[PDB]
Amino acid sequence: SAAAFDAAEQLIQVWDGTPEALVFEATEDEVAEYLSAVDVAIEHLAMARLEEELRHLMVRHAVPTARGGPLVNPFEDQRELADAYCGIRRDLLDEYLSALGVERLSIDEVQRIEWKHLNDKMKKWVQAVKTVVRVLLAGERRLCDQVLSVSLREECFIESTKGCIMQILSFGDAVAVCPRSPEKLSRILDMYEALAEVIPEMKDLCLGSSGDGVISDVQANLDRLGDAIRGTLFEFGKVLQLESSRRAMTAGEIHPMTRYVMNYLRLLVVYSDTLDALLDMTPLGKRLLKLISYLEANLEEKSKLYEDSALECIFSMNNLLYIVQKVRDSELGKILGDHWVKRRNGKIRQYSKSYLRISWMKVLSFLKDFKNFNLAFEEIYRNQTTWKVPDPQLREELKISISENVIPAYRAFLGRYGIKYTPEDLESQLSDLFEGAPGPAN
């Protein structure tokens, strides 16, 4: 009847007259306010729209289970639903990401920030993107499918998502336009690899072809991070090639560059699949090989920064062994191969033989095929004790090689024709060598 509409119209205006109270905190009440909203829709087929109510209750339902939700909309359509729903979604997702630790940095803010902080902001972002892909985008598809009873649902998922995508793409651009700094390589790759996931996840959750526009942006963003990775790695190779220091490493110790460069290349290999896809043995293989060539070529010229040819060798040994150890003790050895490693061992083998000849030939001349060789020996011991051979095994074998030549040769020379050092004195003084400290004897 028209009286069944009057009663329906009544309680709506009663509820309209108090927007303070929400309809969805009263058991028998919320049951009644639906039946009224149904008769409005029935009558048309006063405005008595009460949508302003249902639109605000839905807002106050999604913000503080999802059963009141999927009933608010069946009565709402029979547009303003979509625009409202999508809004609150866009808002709540904005807050999730803020909590996660997603800033919207400017270009100036990015360029001025100290690496230690930018590092932690990128770290936060990768975590955020992982969450968005593996949790949120799926959750927002589940909600639209359950809540909305139209397929509109395609529009709602995308409009619920765009804001969330755009906000991560912002910081993607921030790092994309940042000055190229080797520091950042590993992080940019973490970001690239994280962001790559979005497309698969979005392709699985989007039925229609409106998800192509968002996928286009994400691609263009990925491709720029793709550019940022090629440029960063280039800057590393560029700065390595430019390095020309003529300060000799004291005690012939391992050069810090050798430590840094090899640490860097060892870390790249953790990103083989990405780096192989972006660069154009593996493309990374070719690059790793080139970069290590530059390091060797640089270190060879640093070995010529000595008056003593012996220290040139000790330096080349120590640094070339460290390189080979880091290659063999990682997936580097696998990539550039055995033949590469065998050759370096060859070079290290020859460098040691070069030392033993160069340093111990005049000392073995002071005994023939009065003769004071004490100055020769004292001078070697004097400063070769302050030298360093870091590797215990190599240090041991150089000493054993030295002694086995010099000691028996001295037992003969003295034992025949004889007056300062006994052969035991020399054995003990030989054991003090390469300890990076002046030996106790004098």
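Note that residue numbering follows the sequence shown and begins at 1.
- The modelled chain breaks after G418 and resumes at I419, leaving 10 or more residues of the deposited sequence without coordinates.
- The modelled chain breaks between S151 and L152, where 1 to 3 residues of the deposited sequence lack coordinates.
- Stretches 293-301 and 204-212 differ in mean C-alpha B factor, with the higher average recorded for 204-212.
- Comparing 350-358 with 69-77, the higher mean C-alpha B-factor in the PDB entry belongs to 69-77.
- Ranking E197, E183, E155, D273 by Cα temperature factor from the entry places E155 first.
- Per the PDB record, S365 has a higher Cα B-factor than any other of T250, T131, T232, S365.
- Ranked by Cα temperature factor within the chain, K399 sits in the lowest third according to the deposited record.
- Sort the modelled residues of the chain by CA B factor and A32 lands in the highest third.
- Remark: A376 belongs to the middle third of its chain, ranked by C-alpha B-factor as recorded.
- In the PDB entry, a CA B factor belonging to the lowest third of its chain's modelled residues is recorded for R187.
- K388 sits in the lowest third of its chain by CA B factor, as recorded in the PDB entry.
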